[PDB]
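Going down the list, the protein sequences come from chains A, A' and A''. A prime marks a further copy of an entry chain. Counting in the entry's author numbering, the final residue of the first sequence is number 593, and the numbers go up one at a time with none missing. Counting in the entry's author numbering, the final residue of the second sequence is number 593, and the numbers go up one at a time with none missing. Counting in the entry's author numbering, the final residue of the third sequence is number 272, and the numbers go up one at a time with none missing. C-beta atoms are modelled at their ideal positions from N, C-alpha and C, and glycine is treated no differently. Presented below is the structure to which this report refers.
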Amino acid sequence: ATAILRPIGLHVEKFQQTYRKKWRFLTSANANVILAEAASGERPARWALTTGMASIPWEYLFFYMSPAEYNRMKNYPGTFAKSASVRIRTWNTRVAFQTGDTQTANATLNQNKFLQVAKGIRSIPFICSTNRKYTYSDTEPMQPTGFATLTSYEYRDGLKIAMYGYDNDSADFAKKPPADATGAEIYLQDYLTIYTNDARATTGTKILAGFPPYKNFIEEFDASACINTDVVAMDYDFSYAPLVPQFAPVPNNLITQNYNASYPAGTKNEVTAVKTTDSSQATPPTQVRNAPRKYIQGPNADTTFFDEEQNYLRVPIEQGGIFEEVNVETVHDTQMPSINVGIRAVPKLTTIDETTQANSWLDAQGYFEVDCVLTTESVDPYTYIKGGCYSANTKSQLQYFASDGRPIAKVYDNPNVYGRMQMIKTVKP
Amino acid sequence: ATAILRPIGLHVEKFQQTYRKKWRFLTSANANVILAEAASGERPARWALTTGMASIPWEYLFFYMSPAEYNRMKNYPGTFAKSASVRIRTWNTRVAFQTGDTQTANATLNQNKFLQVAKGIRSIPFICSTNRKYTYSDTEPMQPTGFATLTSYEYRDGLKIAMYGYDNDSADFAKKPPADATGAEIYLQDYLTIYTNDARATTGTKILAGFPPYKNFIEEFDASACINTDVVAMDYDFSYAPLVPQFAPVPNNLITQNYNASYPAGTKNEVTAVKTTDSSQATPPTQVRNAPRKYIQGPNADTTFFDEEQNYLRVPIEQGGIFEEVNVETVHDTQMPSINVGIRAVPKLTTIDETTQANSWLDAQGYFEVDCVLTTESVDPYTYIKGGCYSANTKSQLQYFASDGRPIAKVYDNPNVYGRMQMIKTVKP
Amino acid sequence: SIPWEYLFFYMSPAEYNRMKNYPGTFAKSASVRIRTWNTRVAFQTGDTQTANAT
DNA sequence: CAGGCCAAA
DNA sequence: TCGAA
DNA sequence: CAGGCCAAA
DNA sequence: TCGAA
DNA sequence: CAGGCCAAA
């Protein structure tokens, strides 16, 4: 029999977008030295071991998309980041012909140059590491002598301004010609740092294990043979990266009496849980279901995380485990692999009278060409005939919140805890 | 070596039973009109859109089995419903030659007849719908003008009495000759109804989305070409449909000191949880393990749900997620697909002076032949030598209970919440 | 008249309201297909003096 | 040799 | 399977 | 085109 | 796998 | 025919 109607279902429009950037980065070949970091609050006294492996911030949205693209993206509710890709090529590595010292005839045409690549060091459970900005000595510019006070947020903000420039009405407009326009090189300042405990003032039983042998977890190549070659190629598929919240549904409490109904979940976990661990071992690991949560669209929505533009440069793109959907969901913890690349410090051609590492270095600089692609997807659903887009309420989203109203998000800036990236309260910009 | 004994194990007898019925149903081709339903308690003011798609109650035990079969089934502890099957055939659709109005010469031999089939509309998250019994206007018998106060329980009870008749000593015996004996046609009165919010008195922000386009989720066929053809064929395998509780085990507290022992569950969920959601979004979704439960056989058993015969016509056959077994179990939420079939209203042959739908209709009637089969299974276990059947205590069953002692069961009469069938307290008959 | 020349013939108020968020929108093509069903003709007219039913 | 541990695969 | 095979 | 969401498969 | 493949 | 139940596989 002829069918005059068939179940065609909803009209839903899906939109895929792609964002590409090309960056050229300059890195300094820092010496590996030990710096003391004094105790401060809950931070214990510790030793820090510096490197020249600059952090590549491929985990953040500004790395892939301009302020104009970001501003336009807010007009597409339900936008999810789907995949991110990065390719790193190295160019010729420059090493100074001589050092500043005049007493030694240290100039030499012969060079030994080495390129260092570290993938996924951030997640190694027994290596405590972060990316830090150093201060350097005036006589030895390759030698860190302390820590800059710049935060990770401020570092990424400065990188973003270098990439995309100021507003046309800024008094400081001329200070940063946008590399997205010129294609000029940008200096990176955030370097992989390895920590270990400082037991000088420790009372009772001391842990005297020294350092982890972190060189056993990096790749090091002859830089003379890597000119104009790819050294890193990484692809990442996001688990849950909601960049713009979904369209709100038509609220069923306006239509139904049973809007606050209950139903079986069986043995399935449909509400996520928060895991807390304690490496001091004063308390055992705990798992708590039904964390404080807020809807991010709809009647009582709290959109602070998206209103504050946290996901542009302050927090990583991947946020799996931080958000919930009201359906029968399966959620796991997430983290993107870290990327650090750089040039090993080049010792100055001179004699020393002891069996030690070098104490003076030649100026050396890495030149890295970075390609990056980000793909996203958004939806325009029409559940109802009038009044714009509305999604099914099974698409409704929630976000972890703290009791003071601050949204909670994943952060990659702190060292891993049991190989995990912690989630912390966001800070208002 | 010759074995004089081998581990033959327990003697367990398994019994399979099959229940068949054939029903012939008459449906009215109701007009699609909008009725206002005023606010009442937690029920908000809403608009209702009527249809002629009659509900087919294939989710209930009385649809498949007579009172004699049901009464006998209570003698088989551990009876589970295994599968249910329904087949629907349509016969010739009757449309009135003319309407009651005399002023218009509206009689015509030409007809356009359409059959509507809706499968699984009940579970669609963005469509708020139930089955309702209407009141109709006297001048337009196809036109609903209000809602009857009959409950779903009373509707199904009346259907059951029509199918199987009264007791031989009833004063009303002659009023309902049983269709199970005569094979005569029965009129159905419960029709699919689509709701949307009524914002006439809403203060603040209004939702003005109108209706969902529900026609995009049904199949509609030329009824002139469907005579004597199958239109619906559905099969359902039950997850957990306990019709009679299992034989009680020999209680180990009479034999052992460690009857209240504890043991690891590991990371597996062995006790089910209740999920509560809130479409008003005042609270986030919550999941609670270890709900109030009662054993349904054994020492402290509460058999109220089965003593009250709730599963015959008041609650659906499928109850997965409502019951637990003491073993290492895996449980998920359940619901059977809904079935609604009917004839579209046939406009009267007349002119109207505006661009609207028809306001007058011809009497029209659907004729549906329904075959239904239900298969069940029960067990007689002999764990012990004397005193009748006893099961292993790993077969012990529990049911969700409310704090006032009412058993909790799934219900299909309310609109879905996030695509789920809610569980509510049962009501004493 | 079949008003296939107008936007409301093809798109709902919700779709129209959402479409305003896409600057540079152009309508590219429009298609219409018309099927006829059974034509109904009255058995008789209202006049009683003539036996006109057929 | 990267993504919820690696000494598991 | 909220990577994905 | 139905059974715990569909815009996922 | 308390559908079931 | 044993290892988180057996009347499930």
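Quick one: what's got a C-beta closer than 8 Å to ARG320 (chain A')'s C-beta in the same chain, skipping five residues either side? Residue mapping note: residue 320 (chain A') aligns to position 156 of the second sequence, counting from 1. Cβ within range, chain order: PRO221, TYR224, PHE226, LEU477 and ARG478.
Chain A' residues whose Cβ lies nearer than 7 Å to that of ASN256 (chain A''): Locating residue 256 (chain A'') in the third sequence gives position 38, counting from the first residue. Simply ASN274, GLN275 and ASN276.
Starting from the N-terminal side, write out each stretch of the beta strand (DSSP E) that is 3 residues or longer and does not extend beyond the stretch 398-480 of chain A. 426-430, 437-440, 450-453 and 457-459
Spell out the partners DSSP gives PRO231 (chain A'') in its beta bridges. Your numbering for residue 231 (chain A'') matches position 13 in the third sequence. None, per the DSSP bridge assignment.
With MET587 (chain A') as the anchor, note down where its beta strand (DSSP E) starts and where it stops. Here residue 587 (chain A') is taken as the residue at index 423 of the second sequence, counted from 1. Run containing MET587 (chain A'): 587-589, per the beta strand (DSSP E) assignment.
If distances are taken between C-alpha atoms only, which option among A:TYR183, A:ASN196 and A:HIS175 comes closest to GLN521 (chain A)? Within the first sequence, numbered from 1, the residue matching residue 521 (chain A) stands at position 357. With distances taken between Cα atoms, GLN521 (chain A) lies closest to A:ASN196.
If we cut at 8 Å on Cβ distances, does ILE503 (chain A) have a partner in chain A'? Counted from its first residue, the first sequence places residue 503 (chain A) at position 339. Closer than 8 Å: no.
Does any residue of chain A' bring its CB to less than 8 Å from the CB of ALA573 (chain A)? For this step, residue 573 (chain A) is matched to residue 409 along the first sequence. No - not a single Cβ of chain A' is within 8 Å of the one on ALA573 (chain A).
Going by beta-carbon coordinates alone, are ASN392 (chain A) and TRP255 (chain A) separated by less than 8 Å? Here the question's residue 392 (chain A) lines up with position 228 in the first sequence. Here the question's residue 255 (chain A) lines up with position 91 in the first sequence. Cβ atoms of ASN392 (chain A) and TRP255 (chain A): closer than 8 Å.
For the stretch 525-540 of chain A, which residues have a CB atom closer than 8 Å to at least one CB atom of chain A'', in sequence order? none
Could you spell out the range, first to last residue, of the beta strand (DSSP E) harbouring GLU493 (chain A)? As a working mapping, residue 493 (chain A) is identified with position 329 in the first sequence. Unbroken run through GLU493 (chain A): none, as it is neither H nor E.
Mind checking whether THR214 (chain A') and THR357 (chain A') have CB atoms under 8 Å apart? Mapped onto the second sequence, residue 214 (chain A') falls at position 50. Mapped onto the second sequence, residue 357 (chain A') falls at position 193. It is a contact, given that the beta carbons lie within the stated cut-off.
So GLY216 (chain A) and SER192 (chain A) are in contact, right, with Cβ under 8 Å, and what is the actual spacing, rounded? Numbered from its first residue, the first sequence carries residue 216 (chain A) at position 52. Numbered from its first residue, the first sequence carries residue 192 (chain A) at position 28. Your pair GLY216 (chain A) and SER192 (chain A) checks out as a contact, with CB atoms roughly 6 Å apart and the cut at 8 Å.
How is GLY216 (chain A') classed by DSSP in three states: helix, strand or coil? Counted from its first residue, the second sequence places residue 216 (chain A') at position 52. In the structure shown, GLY216 (chain A') sits in coil (DSSP, three-state: anything other than H, G, I, E or B).
Looking only at C-alpha atoms, which of A':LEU407, A':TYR564 and A':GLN353 sits nearest to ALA437 (chain A')? For the purposes of this step, residue 437 (chain A') is taken as residue 273 along the second sequence, with counting starting at 1. Comparing Cα positions, the closest option is A':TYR564.
Nearest-angstrom Cα separation, counted from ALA326 (chain A') out to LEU538 (chain A'): By one-based count along the second sequence, residue 538 (chain A') stands at place 374. By one-based count along the second sequence, residue 326 (chain A') stands at place 162. Each residue's Cα considered, the two are about 20 Å apart.
Let me know the secondary structure DSSP gives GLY310 (chain A) once reduced to three states. Taking the first sequence and counting its residues from 1, the one referred to as residue 310 (chain A) is at position 146. For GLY310 (chain A), the three-state secondary structure derived from DSSP is strand.
Is it buried or exposed, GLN280 (chain A'), if we count other Cβ atoms within 10 angstroms and call 16 or more buried? Position 116 of the second sequence, counting from 1, holds the residue named residue 280 (chain A'). So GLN280 (chain A') counts as buried.
According to DSSP, what are the bridge partners of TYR546 (chain A)? Here residue 546 (chain A) refers to the residue found at position 382 of the first sequence. Beta-bridge pairing links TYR546 (chain A) to A:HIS175 and A:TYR554.
Going by beta carbon distance, what residues of the same chain come within less than 8 Å of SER219 (chain A), once the five residues before and after it are set aside? The residue you call residue 219 (chain A) lines up with position 55 of the first sequence. Result list for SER219 (chain A): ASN295, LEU352, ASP354, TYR355, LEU356, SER502, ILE503 and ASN504, in chain order.
Per DSSP, which one or two residues make a beta bridge with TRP211 (chain A)? If you number the first sequence from 1, residue 211 (chain A) lands on position 47. DSSP lists A:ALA200 and A:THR360 as partners of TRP211 (chain A).
Could one say the Cβ of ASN578 (chain A) lies closer than 8 Å to chain A'''s Cβ atoms, at least one of them? Position 414 of the first sequence, counting from 1, holds the residue named residue 578 (chain A). No, its Cβ sits nowhere closer than 8 Å to a Cβ of chain A''.
Measuring straight from C-alpha to C-alpha, what distance separates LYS246 (chain A') and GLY484 (chain A')? Taking the second sequence and counting its residues from 1, the one referred to as residue 246 (chain A') is at position 82. Taking the second sequence and counting its residues from 1, the one referred to as residue 484 (chain A') is at position 320. Approximately 12 Å, taken between the alpha carbons.
Can you give me the start and stop residues for the alpha helix (DSSP H) that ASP302 (chain A) sits inside? As a first step, residue 302 (chain A) must be located in the first sequence, where it is residue number 138. Neither: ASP302 (chain A) is in no alpha helix (DSSP H) and is coded neither H nor E.
Residues in the same chain with beta-carbon distance under 6 Å from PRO449 (chain A), minus the five sequence neighbours each way, listed in chain order, please. For this step, residue 449 (chain A) is matched to residue 285 along the first sequence. For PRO449 (chain A), where only same-chain residues beyond five positions count, the Cβ hits under 6 Å are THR441.
Measuring only the C-alpha atoms, how far is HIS496 (chain A) from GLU434 (chain A')? The residue labelled residue 496 (chain A) in the question sits at position 332 within the first sequence. The residue labelled residue 434 (chain A') in the question sits at position 270 within the second sequence. Approximately 21 Å, taken between the alpha carbons.
Select from A:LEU314, A:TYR298, A:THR315 and A:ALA345 the residue whose C-alpha is nearest the C-alpha of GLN307 (chain A). To locate residue 307 (chain A), count along the first sequence from 1; it is residue 143. Residue A:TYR298 is the option with its Cα nearest to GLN307 (chain A).
On a Cα-Cα basis, can you pick out the residue from A':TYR378, A':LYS324 and A':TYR317 that is closest to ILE291 (chain A')? On the second sequence, residue 291 (chain A') is found 127 positions in, with the first residue counted as 1. Answer by Cα proximity: A':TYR378.
Using beta carbons (cut-off 8 Å, strictly below), is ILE419 (chain A) in contact with chain A''? As a first step, residue 419 (chain A) must be located in the first sequence, where it is residue number 255. False, the Cβ-Cβ gap to chain A'' never drops below 8 Å.
Can you name, in chain order, every residue of its own chain whose Cβ lies under 7 Å from the Cβ of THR272 (chain A), other than the five neighbours on each side? Position 108 of the first sequence holds residue 272 (chain A). Here the set comprises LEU513.
From the DSSP output, read off the bridge partner residues of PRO571 (chain A). Position 407 of the first sequence holds residue 571 (chain A). In the DSSP output, where bridge partners are listed per residue, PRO571 (chain A) has A:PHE565.
If I measure Cβ to Cβ from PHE311 (chain A') and keep anything under 8 Å in the same chain, skipping five residues before and after, which residues do I get? The count along the second sequence starts at 1 and reaches residue 311 (chain A') at position 147. So the list reads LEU199, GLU201, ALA212, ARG296, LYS297, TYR298 and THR299, once near-sequence residues are dropped.
Nearest-angstrom Cβ-Cβ length linking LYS458 (chain A) and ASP466 (chain A), presumed shorter than 8 Å: One-based indexing of the first sequence puts residue 458 (chain A) at position 294. One-based indexing of the first sequence puts residue 466 (chain A) at position 302. About 4 Å separates the two Cβ atoms, so the contact holds.
With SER316 (chain A) and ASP577 (chain A) assumed to form a contact (beta carbons below 8 Å), what rounded beta-carbon distance in angstroms separates them? Counted from its first residue, the first sequence places residue 316 (chain A) at position 152. Counted from its first residue, the first sequence places residue 577 (chain A) at position 413. Contact between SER316 (chain A) and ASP577 (chain A) holds, since their C-beta atoms are separated by about 4 Å, short of 8 Å.
Between which two residues does the alpha helix (DSSP H) harbouring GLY506 (chain A) extend? For this step, residue 506 (chain A) is matched to residue 342 along the first sequence. Per DSSP, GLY506 (chain A) belongs to no alpha helix (DSSP H); it is in the beta strand (DSSP E), 503-507.
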